[PDB]
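Shown next, in structure tokens, is the structure this report addresses.
All Cβ positions, even for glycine, are placed from backbone atoms using ideal geometry, and neighbour counts span all protein chains on display. What follows draws every value from the coordinates through simple rules; no lab data is involved.
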Amino acid sequence: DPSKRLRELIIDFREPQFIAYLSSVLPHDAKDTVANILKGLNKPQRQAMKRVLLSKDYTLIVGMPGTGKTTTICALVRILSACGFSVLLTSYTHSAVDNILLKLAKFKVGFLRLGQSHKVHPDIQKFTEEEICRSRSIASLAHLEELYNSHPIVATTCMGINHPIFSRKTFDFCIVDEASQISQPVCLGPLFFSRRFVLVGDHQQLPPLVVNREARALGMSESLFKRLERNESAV
Amino acid sequence: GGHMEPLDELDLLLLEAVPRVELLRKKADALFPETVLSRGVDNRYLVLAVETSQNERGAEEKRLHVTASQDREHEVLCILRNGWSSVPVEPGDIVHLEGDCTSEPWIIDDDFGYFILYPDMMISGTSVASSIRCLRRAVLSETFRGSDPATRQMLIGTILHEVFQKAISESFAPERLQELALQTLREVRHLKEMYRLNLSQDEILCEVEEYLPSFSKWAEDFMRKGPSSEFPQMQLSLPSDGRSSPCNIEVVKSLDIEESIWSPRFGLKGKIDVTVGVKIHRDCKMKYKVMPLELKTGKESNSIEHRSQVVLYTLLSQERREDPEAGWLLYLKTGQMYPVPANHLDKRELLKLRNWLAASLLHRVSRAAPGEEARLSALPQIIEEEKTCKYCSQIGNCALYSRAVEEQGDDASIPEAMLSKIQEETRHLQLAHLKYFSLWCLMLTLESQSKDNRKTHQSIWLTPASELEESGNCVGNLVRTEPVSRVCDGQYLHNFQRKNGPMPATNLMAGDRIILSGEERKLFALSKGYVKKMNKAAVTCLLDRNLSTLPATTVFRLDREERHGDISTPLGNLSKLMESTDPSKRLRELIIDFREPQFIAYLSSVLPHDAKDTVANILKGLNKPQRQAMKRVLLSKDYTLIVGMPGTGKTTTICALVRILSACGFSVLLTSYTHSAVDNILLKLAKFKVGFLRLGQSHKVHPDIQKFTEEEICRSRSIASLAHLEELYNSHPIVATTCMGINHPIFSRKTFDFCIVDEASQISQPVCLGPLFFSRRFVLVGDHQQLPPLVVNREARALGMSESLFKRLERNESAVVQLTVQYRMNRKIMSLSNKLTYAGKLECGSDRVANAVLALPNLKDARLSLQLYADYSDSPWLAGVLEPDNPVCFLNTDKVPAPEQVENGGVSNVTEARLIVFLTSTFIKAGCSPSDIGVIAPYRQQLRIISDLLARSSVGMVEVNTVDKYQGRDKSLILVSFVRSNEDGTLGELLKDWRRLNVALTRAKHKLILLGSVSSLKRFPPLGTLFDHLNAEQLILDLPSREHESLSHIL
DNA sequence: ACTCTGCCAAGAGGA
Ligand SMILES: Nc1ncnc2c1ncn2[C@@H]1O[C@H](COP(=O)(O)OP(=O)(O)O)[C@@H](O)[C@H]1O
Ligand SMILES: Nc1ncnc2c1ncn2[C@@H]1O[C@H](COP(=O)(O)OP(=O)(O)O)[C@@H](O)[C@H]1O
Ligand code: SF4
Ligand SMILES: [Ca+2]
Ligand SMILES: [Ca+2]
């Protein structure tokens, strides 16, 4: 069923659904915390949070240059976390994902970072599986599990989808930063592990790089963000 | 009976008397005890005779002789015709007639009347409905109740039922429905099932949402306000007119939600989803009927099963209101609503089918002749229909039961394709496995079917609350005026005052399972629940239903839910043990085939390096046997048996093991049978700042452990999302629950490195199995010299049912570690059980423990105060009793006439009672805190006597209890009234038990006083042996005659 | 021949 649903949304362009706003959209006890986050945001930013909360499928956030992509994703992650959702946070590059995490660290939001620690920002390294294992002498299956379950927010790159965690966990949401720069079948990867998803991108900026002329002629630089953009109601 | 050899035998063996009536009255009693036979609406008739014959027309008919008096005054001839002739009724059965006989050759046939076999067995309508396609499936469903597992479709269904039920009170406006869906999806009860099933929260919300427009279409058609011709036209022909002319159906309102009904008229029970007020419009005219509505999610089938359920609901309704004559089936998927008329033919066939189910559920034990060995009875035959069996969720148990228990003696008869299917299903099992499963099913059934687990609800629906108020278990003349507050739906707090002379004179403690009825017969079995507070003015209960629909005018009655002998958990455990998975195979091999548990030799690398120091610090605190127990566990590949002899610090030892395992990074499932045992370990672990999660209902849990429960954390932290619930379940490697709590969703998703079972030697063996399915290795803590699991049935006990799992595994000596250092008893008290029971193995943990004596600061003064009553100056017995340097003392009552009183199968001794009450006063006056004193007696009846006399002497606060209620506990001073004292020599079986005595002799820290008749008691092997040891050190002191000055003021 | 603690429960669909 998860693959069928993705084929229908991505291949057959089935219209993504959204409900009308109601008091009960967010768990009652989260409402105030979310309000305080929203107040900090500008109107388009708030409108992006709203669209995500109302979605049944996906949301496309167009981050035009200088609009504070990392601020906006950080804020969304805070809202989702306050709501008690689990979140899979991804991008193609290490430093993009790490940029969001630096902000989230400042807000004392917990997350686990997967990946080899030498590829990771120095101030994010202490949050990695690798460093926590070394630092805490993890040497038992139950302690390893404990680490994997310790944060609803799990952060990795798009290519990191072979981690054992993805054989065992699914997420309420996946967020993909830089979705308009990522090769469409690479962008698919995290999407198998979440119910709903959010792509952040800008098709007026650089597309995935495709070196072969014939492949480019066939459509290979159409990012997943771009493909989904005909569904205006998600944008 | 007798086997004849000459012709004289044949002549004299000819019988005929009337004593066959008693043979059946006893038989009826064995399964429906204390059933008062009567005439009228709730008639009860005992069957005396049954004969099949040919009718005036050449066809089969059954005739019965019945009576509605315990007296042999009436014999009524009842005749059962057509289909009714095949009712499997036997002489000795309790029956009820729908239509009590007014005429004297009473006929029940295809056209008129119902015959109800065992009216007091209330069978759920859904079981009856499911028995249509297969009787055997229905019986298997009723017995192995957790073999139809929770599905995704079933969760959807549950949620949608709740949304519809919230909506029909409020509104079906789309925005309100969406609201209700959003809120319902976050309820923990639903989140738990999503977790169980590993589903995504929003996926389930989406599925629920797809249905909402159908909810609105339905309400649009049936609940719109408008012209009566605008409601949907149907044909709905009821016995009430003369009809057969289409009419318009309007649903006015819901009158009720989730209405549960017990029917002692039909032997039925059920839950009506929604009770509706309906207007039936026809030719400008209107009729209003109150009708049952059944909600169904999934396929719109209008099936025989579905329709039959509704028909049964219209029967159930007659117990509350007038016959609705029909009900409604609503398929929520499409909003389609189908009328279900309840014809005589349908009710007839359905109640015939209910009789067969009642019969098959009741006749579980076969007996070759009366007094030969018990066997399990065959289930109803495996059926011919391939299609039915293929889709059947009970196939595992069906094949299992076929192969283990009923396996053909001469004739198979089973369909060949089904026959080889049995083979496929059961081929993984060995002979010993089949035998074990079969033996434990029989013993469990015997124990389940025992007379104490058999009492009926008759007393509630027949005798007024007036009669049982002078008994200890019922209260009547109750009322409510206050608003009904709610904790979470399924819990509703109700306040009940007396509005009359305040009647709390009843035996009913808080946390007691109770059944609320109205005193009006038409308001029987309104709600189950427990009692929270028990004031002298009022009584407050948490009940599953909101009873504000009822007028303030109604008068209520409280009645206790008695032990019906539920065995579904242990049966479930046995079934699970027979499954073809590696974890089950490994348990069969260890438990059934006694495969030797393995252990490695110790090495540096046994524990993770970084844990070694932390573990060392824990070990240093322990004594040598304790350390040795930790070591055995760490070296095991299978299990470990820790023998916790009395006073050896069971809870200290388990706490320490849990710390070691936790430091090592293992996950641990911590269990016992009782709440307070598990809670006792947790109190220690809390002090060591070790984290754990506690499962279970928070009101059953120790006050200082409540904050650690799932329930409190959910409330306290507003958990309202699947991910937050998961987070709570994963937050601690240590999970703590009772043995019966194995149905928690966590066990569908998690496994543990280790399971620890406290009190394993007190737990029924198939109950002890339950947690063991969820861990790789296990640890049982117990002592087979202490009390075994209680088994009330003699035959089951004879078959081996009190062998605990701890005991069974003990032949594997290499797994056994004995805790022998004890911190309870002084050298003299310990010495006693060391001689009687523990073969010298117990040691005092210190000089302080060894040399401790009863602290009596005010002895001189208390001693002097006695002189007012009699001359105790130079009294052999009294000085001996009071002397702290005399820790063990036996008071022989032979010279004081101190006989027993026997009433109702229990035993008392007034004289013994007066003696301990005196002794207890003297000790309190001497400076012993009342909380440091425990009174034990073997017989439950004696305790009542002791309790009363202590109340009378202003000294009620000393604990008075049986041996069983002192398990694992101690007191400074223990006084034992060994009640038995008689001339004629009637011995119980109770005092024959070595373990019972052992537990009595080991509850005392400092002083132990024993009282009874040496000449009566010495006839019991444990006491005889006790007397040999007490004598060898002159510890038996003879009381004088009751006339003597030192006793006369007491006696 | 007398000793008693645990489970929420009838149905949530499947055809
Ligand atoms: N809602 C907002 N209100 C005020 N300032 C904002 C908002 N969103 C973004 N900004 C500003 O715009 C910049 C966004 O860039 P970004 O890459 O998100 O963060 P930074 O560059 O601070 O790491 C920030 O420096 C911040 O000052
Ligand atoms: N290894 C040990 N060293 C010293 N004292 C012990 C040891 N094990 C048990 N004890 C003592 O014996 C008693 C054991 O009883 P237990 O039920 O385990 O704990 P408590 O009664 O303190 O709750 C404790 O009071 C404790 O003082
Ligand atoms: S398998 Fe066939 S026979 Fe066995 S119970 Fe299920 S339906 Fe009845
Ligand atoms: Ca229903
Ligand atoms: Ca149902």
Over the stretch B:572-674 - Rg/Rh using Cα atoms and the Kirkwood inverse-distance radius
1.01
Just want the answer: with Cβ charges of +1 for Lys and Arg and -1 for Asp and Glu, which residue in A:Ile73, A:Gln116, A:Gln205 is farthest toward the dipole's positive end in chain A?
A:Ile73
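Given the rule -39500 (n - 2.57) for each run of at least 4 DSSP H residues, summed and divided by the residues of chain B, what is its mean residue ellipticity at 222 nm, to the nearest 500 deg cm²/dmol? Write out the running numbers ahead of the final one.
Values: 37 runs with 355 residues, N = 1051.
Mean residue ellipticity, 222 nm, calculated: -10000 deg cm²/dmol.
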Where labels lie 7 Å past Cα in the beta-carbon direction, separation of B:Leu431 and B:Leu7 in nm
5.1
Rounded to two decimals, what is Rg over Rh for the stretch B:789-839 when you use alpha-carbon atoms and the Kirkwood radius?
1.11
Return the whole-Å distance between the Cα centroid of the stretch B:943-1011 and the Cα centroid of the stretch B:55-114.
54
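Would you mind checking B:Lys620/B:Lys807; A:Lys169/B:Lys192; B:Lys650/B:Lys965; B:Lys689/B:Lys965; B:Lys631/B:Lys971 for any pair whose Cα atoms are more than 21 angstrom apart? Mind dumping the intermediate values first?
Values: B:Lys620/B:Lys807 30 Å; A:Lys169/B:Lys192 16 Å; B:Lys650/B:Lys965 17 Å; B:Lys689/B:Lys965 30 Å; B:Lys631/B:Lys971 32 Å.
Exceeds cut-off: B:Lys620/B:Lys807; B:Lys689/B:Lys965; B:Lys631/B:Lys971.
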Please enumerate, by chain and number, the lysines with C-alpha under 16 Å from the C-alpha of B:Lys528, excluding those fewer than 8 residues away in the same chain.
B:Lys269, B:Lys271
So how far apart, in nm, are the two label points at B:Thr481 and A:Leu141 if each is 7 Å from Cα heading toward Cβ?
6.3
Setting aside same-chain residues fewer than 8 positions from B:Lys687, which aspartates and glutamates have a Cα under 18 Å from its Cα?
B:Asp679, B:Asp704
How much FRET efficiency would the formula 1/(1 + (r/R0)^6) give for B:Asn343 and B:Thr614, where r is the Cβ-Cβ distance and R0 is 51 Å, rounded to 0.05?
0.10
Distance in nm between pseudo-label sites at B:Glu1043 and B:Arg321 (7 Å out along the Cβ direction from Cα)
7.8
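Could you give the dipole magnitude of the protein assembly as shown about its Cα centre, charging the beta-carbon of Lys and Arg +1 and that of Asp and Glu -1, in debye to the nearest 20?
Details: 160 positive and 154 negative charges, 1040 e Å.
The dipole magnitude comes to about 5000 debye.
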Taking every C-alpha to C-alpha distance in the stretch A:1-134 and binning by 5 Å from 0, the per-bin percentages run 2, 9, 17, 19, 18, 16, 13, 6, 2, 0
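Starting from the stretch B:595-691, pick out the trypsin sites (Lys or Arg not before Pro) whose DSSP state is loop and whose Cβ has at most 15 other Cβ atoms within 10 Å. Don't skip to the end; give the middle numbers.
Numbers: sites: B:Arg595, B:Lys612, B:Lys620, B:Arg627, B:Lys631, B:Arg632, B:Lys637, B:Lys650, B:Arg659, B:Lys684, B:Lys687, B:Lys689; in loops: B:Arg595, B:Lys637, B:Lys689.
Hits after loop and neighbour filter: B:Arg595, B:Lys637, B:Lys689.
I want the antiparallel fraction of DSSP beta bridges within chain B, as a percent rounded to 5.
Details: 84 of 143 bridges.
Here the share of antiparallel DSSP bridges comes out near 60 percent.
Under a Cβ-only charge scheme (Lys and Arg +1, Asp and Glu -1), can you give me the dipole magnitude of the stretch B:1-109 about the Cα centre, in debye to the nearest 20?
Details: 11 positive and 22 negative charges, 79 e Å.
For the stretch B:1-109, the charge dipole is close to 380 debye.
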Work out the length of the dipole vector of the stretch B:212-356 about its Cα centre, built from +1 on the beta-carbon of each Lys and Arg and -1 on the beta-carbon of each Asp and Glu, and round it to the nearest 20 debye.
140
For chain A, set up a Gaussian network in which alpha carbons nearer than 10 Å are linked by springs, and say which option among A:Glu222, A:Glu129, A:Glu145 fluctuates the most.
A:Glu145
